[PDB]
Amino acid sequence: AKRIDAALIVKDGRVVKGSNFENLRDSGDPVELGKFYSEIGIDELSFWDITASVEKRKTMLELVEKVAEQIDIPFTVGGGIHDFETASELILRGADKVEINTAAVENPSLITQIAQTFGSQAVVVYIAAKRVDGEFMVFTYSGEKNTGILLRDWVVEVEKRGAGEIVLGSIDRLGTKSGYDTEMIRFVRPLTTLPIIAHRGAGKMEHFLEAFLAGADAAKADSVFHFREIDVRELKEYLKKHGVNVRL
């Protein structure tokens, strides 16, 4: 089964810019939004925390505790997870998976440490990549640092260190609603046996179809769902109609 993920960008315990589901008590409540999503056909949730501390560590730990109590589908936490101890805390508190990016590049052993303790399934490595002069290049630090590492090298190393899946984010699709980067998905597919999660570019139902054709095991989106540009049920019906094996 191909998987549909909703990403919720979270700040001080709030969904950043809320949602359009007026049927909910509190549309900026991420635990109520995530729960609603799990009931309408979202397969997995991501929470990305952008709390500019010093309340971050605690806001995140409270979020997952609260999410873990209410929601019956898999979830990931990310947003500033920089070391083993931070990952350990979040998982021991009820996160199923942790998402790491920059920390993973500056310490590929961190992947292995999380995987050796909690299982590979608990390690999501977000790979943010961009076209640089003919090459797919890996960028760190909210896409600000050109690491010099080739996408093809990093993917192999990510699997080799024991990551359970890869969120493949196209910096070239940041803020666009014109499609997922299917060329980047097709580039990576033969290189890894891990699940590939497409992120950045979604604007319409057809885009999801394209990403799965390209070899994505999952497709993640955010505001497109939160602002009701795409209905999750309509999406899954559309995908199923066209030969995609989604849990309806």
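Note that residue numbering begins at 1 and tracks the sequence as displayed.
Mean CA temperature factor is higher for 67 to 75 when stretches 162 to 170 and 67 to 75 are set side by side in the entry. For the two regions 235 to 243 and 7 to 15, the entry's Cα B-factors average higher over 7 to 15.
By the numbers in the PDB entry, the CA B factor is greatest at 54 among 214, 54, 196, 202. Across the options 186, 220, 58, 207, the residue with the most elevated CA B-factor in the record is 58. In this PDB entry, the Cα temperature factor of residue 130 sits in the middle third of its chain's modelled residues. Compared with the other modelled residues of the chain, the Cα B-factor recorded for residue 81 ranks in the middle third. Among the modelled residues of its chain, residue 153 has a C-alpha B-factor that falls in the lowest third, as given in the PDB entry. Ranked by Cα temperature factor within the chain, residue 179 sits in the lowest third according to the deposited record.
In the PDB entry, a CA B factor belonging to the lowest third of its chain's modelled residues is recorded for residue 190.
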